[PDB]
Structures are given as structure tokens and as C-alpha cells.
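J.: Provided herewith: data01.cif, mmCIF, C-alpha atoms.
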data_protein
#
loop_
_atom_site.label_atom_id
_atom_site.label_comp_id
_atom_site.auth_asym_id
_atom_site.auth_seq_id
_atom_site.Cartn_x
_atom_site.Cartn_y
_atom_site.Cartn_z
CA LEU A 303 0.00 0.00 0.00
CA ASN A 304 2.00 2.93 -1.32
CA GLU A 305 -0.80 5.19 -0.05
CA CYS A 306 -3.94 4.82 2.05
CA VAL A 307 -6.56 7.44 2.91
CA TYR A 308 -9.49 5.94 4.79
CA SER A 309 -12.19 7.80 2.89
CA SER A 310 -15.53 7.39 1.18
CA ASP A 311 -13.94 7.58 -2.28
CA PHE A 312 -11.06 5.44 -3.57
CA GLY A 313 -8.43 7.10 -1.42
CA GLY A 314 -6.34 3.93 -1.20
CA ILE A 315 -3.55 3.07 -3.64
CA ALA A 316 -1.65 -0.20 -3.82
CA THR A 317 1.11 -1.40 -6.11
CA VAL A 318 1.41 -5.05 -7.06
CA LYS A 319 4.77 -6.22 -8.31
CA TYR A 320 4.10 -9.09 -10.68
CA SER A 321 6.07 -11.69 -12.63
CA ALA A 322 3.62 -12.85 -15.30
CA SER A 323 3.94 -15.89 -17.56
CA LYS A 324 2.78 -13.87 -20.58
CA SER A 325 1.77 -10.26 -21.09
CA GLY A 326 -1.85 -9.29 -21.57
CA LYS A 327 -4.85 -8.32 -19.43
CA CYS A 328 -6.66 -9.94 -16.52
CA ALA A 329 -9.00 -9.16 -13.66
CA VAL A 330 -8.46 -8.08 -10.05
CA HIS A 331 -10.78 -8.35 -7.05
CA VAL A 332 -10.94 -8.55 -3.26
CA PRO A 333 -12.91 -11.56 -1.90
CA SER A 334 -13.96 -9.62 1.20
CA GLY A 335 -15.91 -6.56 2.26
CA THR A 336 -12.80 -4.86 3.63
CA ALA A 337 -11.84 -3.11 0.37
CA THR A 338 -13.76 -2.18 -2.78
CA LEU A 339 -11.75 -1.64 -5.95
CA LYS A 340 -12.24 1.12 -8.50
CA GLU A 341 -10.96 -0.93 -11.45
CA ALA A 342 -11.93 -4.40 -12.64
CA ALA A 343 -8.92 -5.50 -14.68
CA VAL A 344 -5.31 -4.51 -15.26
CA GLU A 345 -2.72 -4.97 -17.99
CA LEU A 346 0.52 -6.84 -17.37
CA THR A 347 3.88 -6.90 -19.17
CA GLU A 348 6.11 -9.86 -18.25
CA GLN A 349 7.47 -8.79 -14.82
CA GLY A 350 6.76 -5.28 -13.57
CA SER A 351 4.30 -3.31 -11.44
CA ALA A 352 0.62 -2.39 -11.62
CA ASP B 1 41.46 -4.54 -25.12
CA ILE B 2 43.06 -6.40 -28.09
CA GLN B 3 41.45 -4.94 -31.30
CA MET B 4 40.77 -7.50 -34.03
CA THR B 5 40.65 -6.08 -37.60
CA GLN B 6 39.00 -8.34 -40.12
CA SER B 7 39.42 -7.79 -43.85
CA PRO B 8 37.44 -7.49 -46.06
CA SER B 9 34.10 -6.62 -44.40
CA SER B 10 32.13 -7.89 -47.47
CA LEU B 11 32.92 -10.36 -50.24
CA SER B 12 30.93 -11.53 -53.34
CA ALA B 13 31.78 -15.01 -54.59
CA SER B 14 30.50 -18.01 -56.61
CA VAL B 15 30.28 -21.70 -55.71
CA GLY B 16 33.77 -23.22 -56.37
CA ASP B 17 35.70 -19.96 -55.68
CA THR B 18 38.74 -19.85 -53.36
CA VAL B 19 38.02 -17.35 -50.57
CA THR B 20 40.62 -15.74 -48.20
CA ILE B 21 39.66 -13.69 -45.08
CA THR B 22 42.36 -11.94 -43.03
CA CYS B 23 42.44 -10.98 -39.36
CA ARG B 24 44.89 -8.53 -37.74
CA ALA B 25 45.44 -8.25 -33.95
CA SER B 26 46.51 -4.92 -32.32
CA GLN B 27 49.32 -6.87 -30.50
CA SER B 28 50.81 -10.38 -30.80
CA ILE B 29 48.50 -13.27 -29.77
CA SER B 30 50.91 -16.07 -30.72
CA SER B 31 48.61 -18.79 -32.26
CA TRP B 32 45.54 -18.18 -29.99
CA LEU B 33 42.98 -17.25 -32.68
CA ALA B 34 39.61 -18.90 -33.53
CA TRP B 35 37.34 -18.57 -36.63
CA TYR B 36 33.51 -18.78 -36.43
CA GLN B 37 30.78 -19.02 -39.03
CA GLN B 38 27.33 -17.45 -38.45
CA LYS B 39 24.15 -17.64 -40.54
CA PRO B 40 21.09 -15.33 -40.09
CA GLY B 41 18.88 -16.34 -37.15
CA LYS B 42 21.52 -18.84 -35.94
CA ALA B 43 24.23 -19.04 -33.30
CA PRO B 44 27.95 -18.88 -34.35
CA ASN B 45 29.72 -22.17 -35.07
CA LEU B 46 33.41 -22.88 -34.36
CA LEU B 47 35.40 -23.74 -37.53
CA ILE B 48 39.07 -23.33 -36.57
CA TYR B 49 40.71 -23.07 -33.12
CA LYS B 50 44.27 -21.97 -32.26
CA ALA B 51 44.89 -20.46 -35.75
CA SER B 52 45.17 -23.77 -37.73
CA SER B 53 43.26 -26.58 -36.00
CA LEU B 54 40.20 -27.70 -37.91
CA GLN B 55 37.25 -28.39 -35.58
CA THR B 56 35.79 -31.93 -35.89
CA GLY B 57 32.70 -32.03 -38.10
CA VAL B 58 34.00 -29.05 -40.14
CA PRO B 59 34.89 -29.88 -43.84
CA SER B 60 38.64 -29.81 -44.78
CA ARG B 61 37.97 -27.03 -47.43
CA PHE B 62 38.33 -24.72 -44.37
CA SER B 63 41.86 -24.02 -43.24
CA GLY B 64 43.53 -21.47 -41.00
CA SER B 65 47.05 -20.04 -40.86
CA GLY B 66 49.10 -17.31 -39.24
CA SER B 67 50.83 -16.43 -35.95
CA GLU B 68 51.59 -13.24 -34.03
CA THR B 69 49.39 -10.42 -35.36
CA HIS B 70 48.32 -11.71 -38.89
CA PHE B 71 45.90 -14.56 -39.55
CA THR B 72 44.14 -16.09 -42.56
CA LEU B 73 40.98 -18.13 -43.04
CA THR B 74 40.92 -19.87 -46.45
CA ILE B 75 37.90 -21.60 -48.01
CA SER B 76 39.53 -23.66 -50.90
CA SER B 77 36.33 -23.93 -52.99
CA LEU B 78 33.21 -22.25 -51.66
CA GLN B 79 30.10 -24.41 -51.31
CA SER B 80 26.42 -23.21 -51.17
CA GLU B 81 26.27 -23.88 -47.39
CA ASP B 82 29.37 -21.63 -46.94
CA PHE B 83 27.54 -18.31 -47.68
CA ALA B 84 27.44 -16.65 -44.22
CA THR B 85 29.27 -14.19 -41.94
CA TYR B 86 32.71 -15.20 -40.61
CA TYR B 87 34.33 -13.83 -37.41
CA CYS B 88 37.85 -14.13 -36.03
CA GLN B 89 38.44 -14.00 -32.31
CA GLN B 90 41.49 -13.92 -30.01
CA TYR B 91 41.44 -15.28 -26.41
CA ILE B 92 44.41 -13.08 -25.38
CA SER B 93 45.52 -9.87 -23.44
CA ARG B 94 42.50 -8.65 -21.38
CA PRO B 95 40.13 -9.37 -22.85
CA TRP B 96 38.91 -11.81 -25.56
CA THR B 97 37.66 -9.95 -28.68
CA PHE B 98 36.05 -10.62 -32.08
CA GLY B 99 36.72 -9.07 -35.49
CA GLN B 100 33.88 -7.03 -37.03
CA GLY B 101 32.88 -9.91 -39.35
CA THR B 102 33.12 -10.72 -43.08
CA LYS B 103 29.84 -11.22 -44.94
CA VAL B 104 30.23 -13.72 -47.83
CA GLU B 105 27.38 -13.20 -50.31
CA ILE B 106 26.45 -14.94 -53.64
CA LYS B 107 27.72 -13.18 -56.78
CA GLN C 1 29.90 -32.84 -25.63
CA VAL C 2 28.27 -29.78 -24.02
CA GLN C 3 24.86 -28.19 -24.63
CA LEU C 4 23.77 -24.72 -23.50
CA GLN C 5 20.31 -23.17 -23.43
CA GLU C 6 19.44 -19.56 -22.61
CA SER C 7 16.24 -18.66 -20.79
CA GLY C 8 13.31 -17.37 -22.81
CA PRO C 9 13.02 -14.14 -24.82
CA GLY C 10 11.03 -11.07 -23.92
CA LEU C 11 10.76 -7.48 -22.84
CA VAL C 12 12.73 -5.43 -20.33
CA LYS C 13 11.69 -1.86 -19.50
CA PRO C 14 14.21 0.97 -19.91
CA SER C 15 16.30 1.59 -16.77
CA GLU C 16 15.34 -1.85 -15.32
CA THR C 17 17.45 -4.99 -15.03
CA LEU C 18 17.84 -7.62 -17.73
CA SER C 19 18.24 -11.09 -16.23
CA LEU C 20 19.16 -14.29 -18.12
CA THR C 21 20.04 -17.84 -17.13
CA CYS C 22 22.00 -20.45 -19.10
CA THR C 23 21.34 -24.12 -18.26
CA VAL C 24 24.02 -26.65 -19.09
CA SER C 25 22.92 -30.22 -19.86
CA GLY C 26 24.93 -33.37 -20.55
CA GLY C 27 27.93 -31.84 -18.76
CA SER C 28 28.91 -30.14 -15.48
CA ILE C 29 30.03 -26.58 -14.78
CA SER C 30 32.94 -27.76 -12.59
CA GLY C 31 35.53 -26.83 -15.25
CA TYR C 32 36.19 -24.11 -17.81
CA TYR C 33 34.82 -20.59 -18.32
CA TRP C 34 31.17 -19.72 -18.86
CA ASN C 35 30.42 -16.75 -21.02
CA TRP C 36 27.82 -14.26 -22.33
CA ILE C 37 28.09 -12.70 -25.79
CA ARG C 38 25.48 -10.53 -27.50
CA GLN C 39 24.62 -9.56 -31.05
CA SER C 40 22.45 -6.67 -32.04
CA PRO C 41 20.47 -8.02 -35.03
CA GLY C 42 22.23 -7.19 -38.28
CA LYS C 43 25.51 -6.40 -36.52
CA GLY C 44 28.53 -8.07 -34.92
CA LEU C 45 29.33 -10.06 -31.81
CA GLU C 46 30.21 -8.33 -28.54
CA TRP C 47 31.73 -10.24 -25.64
CA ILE C 48 30.03 -9.34 -22.35
CA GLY C 49 32.14 -11.24 -19.82
CA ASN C 50 33.00 -14.55 -18.34
CA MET C 51 33.02 -16.52 -15.14
CA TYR C 52 35.72 -19.12 -14.58
CA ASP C 53 34.18 -22.40 -13.48
CA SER C 54 36.91 -23.69 -11.16
CA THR C 55 37.33 -20.59 -8.97
CA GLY C 56 34.39 -18.36 -9.84
CA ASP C 57 36.39 -15.30 -10.90
CA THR C 58 34.75 -12.87 -13.30
CA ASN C 59 36.04 -10.69 -16.10
CA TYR C 60 33.84 -8.12 -17.86
CA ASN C 61 33.85 -6.08 -21.04
CA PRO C 62 35.20 -2.67 -19.89
CA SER C 63 32.36 -0.83 -21.63
CA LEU C 64 29.81 -2.84 -19.61
CA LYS C 65 31.63 -3.57 -16.34
CA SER C 66 29.72 -1.00 -14.28
CA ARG C 67 26.34 -2.57 -15.14
CA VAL C 68 27.04 -6.32 -15.46
CA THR C 69 26.97 -9.12 -12.88
CA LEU C 70 27.70 -12.76 -13.71
CA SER C 71 27.12 -15.65 -11.34
CA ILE C 72 27.16 -19.45 -11.20
CA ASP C 73 24.45 -21.63 -9.63
CA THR C 74 25.87 -25.05 -8.81
CA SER C 75 22.52 -26.37 -7.53
CA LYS C 76 20.93 -26.14 -11.00
CA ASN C 77 24.13 -26.38 -13.05
CA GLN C 78 23.34 -22.92 -14.40
CA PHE C 79 25.02 -19.55 -14.73
CA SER C 80 23.39 -16.16 -15.10
CA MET C 81 23.71 -12.62 -16.40
CA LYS C 82 22.37 -9.45 -14.76
CA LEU C 83 22.56 -6.21 -16.77
CA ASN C 84 21.37 -3.10 -14.97
CA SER C 85 19.91 0.17 -16.25
CA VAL C 86 19.20 -1.10 -19.74
CA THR C 87 18.36 1.20 -22.64
CA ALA C 88 17.30 0.41 -26.19
CA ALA C 89 21.01 0.02 -26.96
CA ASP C 90 20.85 -3.27 -24.99
CA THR C 91 18.30 -4.87 -27.34
CA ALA C 92 20.14 -7.87 -28.75
CA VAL C 93 20.32 -11.61 -29.06
CA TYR C 94 22.18 -12.83 -25.97
CA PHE C 95 24.16 -16.10 -26.33
CA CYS C 96 25.66 -18.12 -23.45
CA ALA C 97 28.81 -20.11 -24.40
CA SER C 98 32.15 -21.29 -22.90
CA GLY C 99 33.88 -18.10 -24.15
CA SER C 100 37.09 -16.42 -22.87
CA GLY C 101 39.12 -19.66 -22.57
CA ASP C 102 39.01 -23.23 -21.16
CA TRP C 103 41.74 -25.70 -20.05
CA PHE C 104 40.60 -28.13 -22.82
CA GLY C 105 38.06 -26.83 -25.39
CA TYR C 106 36.12 -23.54 -24.99
CA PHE C 107 33.52 -21.70 -27.15
CA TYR C 108 32.94 -25.11 -28.81
CA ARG C 109 29.30 -24.85 -27.60
CA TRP C 110 27.21 -21.69 -28.31
CA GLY C 111 23.68 -21.34 -26.85
CA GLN C 112 21.17 -20.77 -29.64
CA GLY C 113 20.68 -17.22 -28.35
CA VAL C 114 17.70 -15.43 -26.87
CA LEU C 115 16.30 -12.10 -28.02
CA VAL C 116 15.89 -9.42 -25.35
CA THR C 117 13.96 -6.36 -26.50
CA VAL C 118 14.22 -3.26 -24.30
CA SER C 119 10.92 -1.46 -24.69
CA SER C 120 8.42 0.80 -22.93
#
For this file, produce the structure as C-alpha cells.

T.:
Amino acid sequence: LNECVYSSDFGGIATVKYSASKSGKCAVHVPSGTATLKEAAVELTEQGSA
Amino acid sequence: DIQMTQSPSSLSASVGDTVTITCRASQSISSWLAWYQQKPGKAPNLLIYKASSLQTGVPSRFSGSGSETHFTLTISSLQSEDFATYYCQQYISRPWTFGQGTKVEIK
Amino acid sequence: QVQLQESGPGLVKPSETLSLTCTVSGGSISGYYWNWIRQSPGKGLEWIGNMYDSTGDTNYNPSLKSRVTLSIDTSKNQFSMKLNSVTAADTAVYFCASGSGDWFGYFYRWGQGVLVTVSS
């Protein structure tokens, strides 16, 4: 969590460092009521950050 | 580093032609010079090691000579499978270096 | 005698670190030198550096020394290349072979090469 603001809007930011098997696009979610995400899917390029 | 100067950079030849490629080292390397062949999209292949030793599996139409600073790769009669880029290389005086390459194309 | 295989091709972002592994099969890495050489498509061969199998000492191309790390992994019979702060000038086919010199036959085996493209 490179930034977190406990707020009504999406005040929380988190970076995921990834090492993907092949570049493309795929979804992201939180199986819990703790956090609600603004975006549904992200794009990935080999190994990097999103 | 030891600078390797290959000559000529480009050559046009026909099947059956005798081809000579020269390699000059910036300082003496005794007999420690290798010759490689490389085709597009492929890895280099060792042809000659230590200036005059023919690598096993390499046809005898390939021969190497020279010592000190001047070296020669001779192809006695060029075959169709011999059109490629050729590189010299010295494993001597920090560090090991290659010539710029000689492209042998079909006339 | 010896077979070498570079890890797979792909993208590295500018300023980030290029990382490659060479796996040796049918032979050990307990002798000789183990080398990386690159070729920018269309152009010539550039020696990157070597690691000496018996004692692990490294020697690097002076123009790359500040950015290059070589290492040996006995547990997988592999050796590796790390190249930091890449730019588009580092796009090339990277080969892993027994370059530099060996105590009985070196550079007789050249990895088929793997293309690394440095791209945003």
C-alpha cells in the first residue's frame, strides 16, 4: 500500500509487483468486504508493477 | 582490449571460388585465434581453433594459418552452405575480442 | 559434448534490469569458463564477460563492467547474467557459451541465443 486514505472515495492506492507468464490483461478483485476496488482488470507486461 | 581487424568486411563469390579472409590483432596473440561461421537467425559455429586446427565435423575445405598479429581463413572452394558471416576471435591480453565480421554473399 | 540453453526471450523496461540464465545439460560446470556474448540483429558479436568455473572469478567487457553481474548456480548447473539500467542500446540476441578460454576446449558450444527487446 504505497498510499492509504481511509475515505468514502477510492483514497487507497496499492502497487502489485508481478512476474507474469505472458503479457496481456486480466482481472483483479478482493474476496472480502474490507476493500472495494475502483478498477476491474489490469494490464501486465512480463514482470513489472501495476 | 586487443582490437581484431578483419578484412574485407564484405565479399561476393560463386560456388567453387577460393576465398581468403584476413584478421589482424593490435598486438601479438601467438597462435591463440579462432574462426567462427554465423548464418542469419543462428548461433555462431566454431570452424578453426588456435589459428590452424580444424574443428571436428568441419569440412577440410576450411583451413587457417598465421601467428603473431596476422591470420588467414581460407575456403579452398566455396560451397552453397558456406555463404554466411565469418568472425575471427582472439582469447588473449584482457580481454577476448572478435573481429567485425566478413559477410560472404552470392555473386 | 556440451549443450547450452538460454532462458526465454522477452521485454525489459528501460532503466530496469535484464536477467538471463543459461542451463548446461549433458555436462557439469565444474571446469572451464562460462560466457555471455550478445549480437544486435544485423551487426557483430560483442563479448560481455565470463566466469571461470573452477574458482568463480569474473572478467567483464570494460564498456559494460559497471552494469554487469555474472554468477554461477551449482545447484541447478546454471550460470546467469544481470545487466542493470538497460536502454534500447541493450536490445540484442544474448548467447551463453564457454567463451574467454578453457583448459581443454572452450567456445565449442554456443547457446542458440535469446532475443531481449528493451521497450516501454

J.: Please identify all polymer residues within 10 Å of region 329-342 of chain A, counting only C-alpha atoms, omitting same-chain residues fewer than 6 positions from it, and present them as a list in words.

T.: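 After dropping sequence-adjacent residues, the list is residues 311, 312, 314 and 315 of chain A.
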
J.: Could you dump the residues just selected with C-alpha atoms as a CSV table (one decimal), in the frame of the given file?

T.:
chain,number,residue,atom,x,y,z
A,311,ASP,CA,-13.9,7.6,-2.3
A,312,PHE,CA,-11.1,5.4,-3.6
A,314,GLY,CA,-6.3,3.9,-1.2
A,315,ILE,CA,-3.6,3.1,-3.6

J.: Which is closer to residue 102 (chain B) than all the others in B:67, B:85, B:51, B:62, using all atoms listed in the file?

T.: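 Among B:67, B:85, B:51, B:62, it is B:85 that comes nearest to residue 102 (chain B).
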
J.: Could you name the residues that touch region 10-19 of chain B at 10 Å or less, counting only C-alpha atoms, but leaving out those on the same chain fewer than 2 positions away, as JSON, numbers by chain?

T.: {"B": [7, 8, 21, 61, 62, 73, 74, 75, 76, 77, 78, 79, 80, 81, 82, 83, 85, 101, 102, 103, 104, 105, 106, 107]}

J.: How many Å separate CA of residue 20 (chain C) from CA of residue 48 (chain B)?

T.: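 We find that CA of residue 20 (chain C) and CA of residue 48 (chain B) lie 28.6 Å from each other.
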
J.: Please return as number ranges by chain every residue within 12 Å of (33.9, -22.4, -23.8), taking into account only C-alpha atoms and the file's own coordinates.

T.: B: 34, 46, 49, 91, 96; C: 1-4, 24, 29, 31-37, 49-53, 95-111

J.: Can you turn the PyMOL selection byres ((chain A) within 9 of (chain C)) into a concrete residue list for this file, as number ranges by chain?

T.: A: 347-350

J.: Quick one: pull the distance between CA of residue 39 (chain B) and CA of residue 39 (chain C), Å, one decimal.

T.: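 Atom-to-atom, CA of residue 39 (chain B) to CA of residue 39 (chain C), that is 12.5 Å.
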
J.: Could you write out as a PyMOL selection string the residues that the PyMOL selection byres ((chain A and resi 322) around 12) matches in the shown file?

T.: (chain A and resi 318-321+323-328+345-352) or (chain C and resi 10-11)

J.: Please define a box with edges along x, y and z of the file around all atoms of region 86-94 of chain C given in the file, extend it by 5 Å on each side, and return its centre and edge lengths in Å to one decimal, as lines of an AutoDock Vina configuration file.

T.:
center_x = 19.7
center_y = -5.8
center_z = -24.4
size_x = 14.9
size_y = 24.0
size_z = 19.3

J.: Counting all atoms listed in the file, figure out which residue out of C:61, C:75, C:5, C:80 gets nearest to residue 21 (chain C).

T.: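 Between C:61, C:75, C:5, C:80, the residue approaching residue 21 (chain C) most closely is C:80.
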
J.: Spell out the residues picked by the PyMOL selection byres ((chain B and resi 33) around 6) here, as a short mmCIF file (atom, residue, chain, number, x, y, z; two decimals) with C-alpha atoms, in the frame of the given file.

T.:
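As written to disk, selection-v2.cif reads:
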data_model
loop_
_atom_site.label_atom_id
_atom_site.label_comp_id
_atom_site.auth_asym_id
_atom_site.auth_seq_id
_atom_site.Cartn_x
_atom_site.Cartn_y
_atom_site.Cartn_z
CA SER B 31 48.61 -18.79 -32.26
CA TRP B 32 45.54 -18.18 -29.99
CA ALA B 34 39.61 -18.90 -33.53
CA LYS B 50 44.27 -21.97 -32.26
CA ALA B 51 44.89 -20.46 -35.75
CA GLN B 89 38.44 -14.00 -32.31
CA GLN B 90 41.49 -13.92 -30.01
#

J.: Could you state the separation of CA of residue 112 (chain C) and CA of residue 6 (chain C) in Å, given to one decimal place?

T.: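 Computing the Euclidean distance for CA of residue 112 (chain C) and CA of residue 6 (chain C) yields 7.3 Å.
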
J.: Write a file for region 305-318 of chain A, containing C-alpha atoms (output as a PDB file, in the first residue's frame).

T.:
ATOM      1  CA  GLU A 305      -0.801   5.193  -0.054  1.00  0.00           C
ATOM      2  CA  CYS A 306      -3.944   4.824   2.048  1.00  0.00           C
ATOM      3  CA  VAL A 307      -6.557   7.439   2.910  1.00  0.00           C
ATOM      4  CA  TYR A 308      -9.492   5.939   4.793  1.00  0.00           C
ATOM      5  CA  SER A 309     -12.193   7.797   2.889  1.00  0.00           C
ATOM      6  CA  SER A 310     -15.534   7.390   1.176  1.00  0.00           C
ATOM      7  CA  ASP A 311     -13.940   7.582  -2.278  1.00  0.00           C
ATOM      8  CA  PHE A 312     -11.059   5.443  -3.565  1.00  0.00           C
ATOM      9  CA  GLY A 313      -8.426   7.101  -1.417  1.00  0.00           C
ATOM     10  CA  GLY A 314      -6.338   3.930  -1.205  1.00  0.00           C
ATOM     11  CA  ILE A 315      -3.554   3.073  -3.640  1.00  0.00           C
ATOM     12  CA  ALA A 316      -1.647  -0.198  -3.820  1.00  0.00           C
ATOM     13  CA  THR A 317       1.108  -1.396  -6.110  1.00  0.00           C
ATOM     14  CA  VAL A 318       1.406  -5.050  -7.060  1.00  0.00           C
TER      15      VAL A 318
END
